[PDB]
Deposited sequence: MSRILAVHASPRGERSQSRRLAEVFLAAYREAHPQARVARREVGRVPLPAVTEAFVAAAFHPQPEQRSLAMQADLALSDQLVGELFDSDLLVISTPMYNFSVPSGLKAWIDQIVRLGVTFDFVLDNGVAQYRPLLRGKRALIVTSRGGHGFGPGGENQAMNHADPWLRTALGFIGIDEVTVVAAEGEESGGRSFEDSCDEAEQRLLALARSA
């Protein structure tokens, strides 16, 4: 059982989403002693944004012909994609920042959605990832951003992740949210339950 854990909060010890995610990971490890966890930090480390060079390389009509410089432009992307390919369960921890996700997490997504690698087209688009599942652990300052919540329509954090993840083939996605920064305890207890299965 291989887990990729992507932490999106820039905060360390003080991060609630990171802490909850780590509570899940620890419980998961207890119940699956053989598990491996890979951590990809995108909160405390400045992940590069997509550049024009990246666009030219990633959408190259004949990728086998990419120059060495273009391959260099894609090397981080390839590494990030590889972590995803090698994992069965993707865990993403993230704050809501301004009704969406921290910019580093947007940057991660922008690196791993890759034509001919995690999606393709025939234009109609097709996902290429299979057999993967994801758990999103998110913390929010306010309230009512969840399903049936008063502010659901303002939530462009996790519902957006579902869209992007869905596009590349990850369609089994669970969200666990703590709001009001009781809800945390319900999340933590929800996570322990999820981990022991």
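Judged by missing C-alpha atoms, the gaps in the deposited chain sequence fall at residues 1, 124-128, 188-195, 212, listed in sequence order.
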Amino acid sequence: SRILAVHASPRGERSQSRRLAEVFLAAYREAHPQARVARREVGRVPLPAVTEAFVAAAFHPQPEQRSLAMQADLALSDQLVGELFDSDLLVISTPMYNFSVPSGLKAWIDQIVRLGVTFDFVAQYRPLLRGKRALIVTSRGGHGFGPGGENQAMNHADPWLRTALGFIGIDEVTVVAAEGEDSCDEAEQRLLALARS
From here on, numbers count along this sequence of modelled residues.
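If you superpose the two forms and keep the largest set of C-alpha atoms that fall within 1.5 Å, you have the rigid core.
Larger average C-alpha displacement in 4 other deposited structures of this protein, relative to the shown form after a rigid core fit, is seen for 28-36 when comparing 28-36 with 167-175.
Annotation: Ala123 belongs to the positions left without coordinates in at least a third of the other compared entries, with flanking residues modelled. On average the C-alpha atoms of 136-144 have higher B-factors than those of the other stretch, with 136-144 and 52-60 being the two compared.
The stretch with the higher mean CA B factor, choosing between 104-112 and 83-91, is 83-91. When the C-alpha B-factors of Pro159, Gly166, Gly131, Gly43 are read from the PDB record, the largest value belongs to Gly131. Among the modelled residues of its chain, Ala38 has a C-alpha B-factor that falls in the lowest third according to the deposited record. Annotation for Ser9: C-alpha temperature factor in the lowest third relative to the rest of the modelled chain, per the entry. Among the modelled residues of the chain, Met70 sits in the lowest third by CA temperature factor in this PDB entry.
In the PDB entry, a CA B factor belonging to the lowest third of its chain's modelled residues is recorded for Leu76. In the deposited entry, the Cα temperature factor of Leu47 sits in the middle third of values across the chain's modelled residues.
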